[PDB]
Amino acid sequence: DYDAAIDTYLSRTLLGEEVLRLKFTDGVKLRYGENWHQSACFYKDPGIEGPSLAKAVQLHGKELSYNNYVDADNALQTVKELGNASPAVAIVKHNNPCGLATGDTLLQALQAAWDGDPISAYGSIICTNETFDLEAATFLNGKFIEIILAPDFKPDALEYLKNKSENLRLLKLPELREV
RNA sequence: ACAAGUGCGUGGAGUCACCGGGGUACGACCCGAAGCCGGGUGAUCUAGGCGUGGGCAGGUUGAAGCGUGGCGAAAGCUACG
């Protein structure tokens, strides 16, 4: 690190050619890639930043893969543009947030996005802006989702989904409603 | 029960007493436990429930809430009271 700094600074000050070192430490192999012979491996960053996939817990659900991470992040970015305040949600398929909603009590918003896309949908990445509740949990029942992101969850809700479903990659992100 | 043998019985001595021994049942030569069961007694102690009262020197710590002030484009972060 020390030396890297000594490089970046000097290359930007003394001379002009600037050098950007990257922040990709602690690795983890995933399933594979777009195809079975396309092995991808997530490399977390040591940076303490804030809302990021690095700091998310897979309560239950088979190991997330390439596409998973990708879309999940796109979703996160979508919900994070609206900056707290008004309740909001989102969804996404093949790197395409195809279902943003705001509204009041999530319920409506959530389903309104499901109306937005009632085709492809099945197997998207719901990205709510706060905790999920049974109201719409029963709406989600049958409507296959790949991953469900959320700042936090409610015990009964969490349990409910957990046992009922057998695929939802529940990946609520501890404290994402900040900078 | 057919027979043959055999068992028991048969040519009159028992019965009623008094004084004794002994067996058996009853407390049974005397004393010696824990226990079992019937009907009554007890919550002045102690355990718990309830009603209605009494009490806890003097200090310490300093949650939420509230006021003012900082740092911030906001998001938000933060000091003291």
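For the peptides A:78-90, A:44-56, the ranking by packing is A:78-90, A:44-56, with the highest mean count of neighbouring Cβ atoms within 10 Å listed first. Near residue A:62: Cβ cut-off under 10 Å, other residues only, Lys/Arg at +1 and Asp/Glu at -1. The net charge is 0. Here chain A is treated as an ellipsoid with the same Cα gyration tensor; its semi-axes, largest first and in whole Å, are 34, 19, 15.
Scoring A:69-77, A:160-168, A:103-111 by mean Cβ neighbours within 10 Å over their residues and listing the highest first yields A:69-77, A:103-111, A:160-168. When only alpha carbons are used to place a centre, segment A:1-57 and segment A:120-179 end up 29 Å from one another.
In this label model, residue A:55 and residue A:77 are separated by 2.0 nm, measuring between points 7 Å along each Cα→Cβ vector. In straight-distance terms, cross-link reach from residue A:44 covers every one of the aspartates and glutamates whose alpha-carbon lies under 19 Å from its own, apart from those fewer than eight places away in the same chain; here that gives A:1, A:26, A:63, A:71, A:73, A:175.
Measuring between alpha carbons in the structure, the pairs from A:29/A:62; A:23/A:80; A:93/A:154 lying more than 18 angstrom apart are A:23/A:80; A:93/A:154. Annotation: amide H of residue A:91 within the under-5 Å range of A:98, A:99, A:100, A:127, sequence separation 5 or more or interchain, hydrogens built in the peptide plane. Its relative contact order, with pairs defined as Cα atoms under 8 Å and 6+ residues apart, puts chain A at 20 percent.
All Cβ positions, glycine included, derive from the backbone under ideal geometry; neighbour counts span all protein chains shown. Values quoted throughout were computed directly from the atomic coordinates according to the rules given, and no laboratory measurement underlies them.
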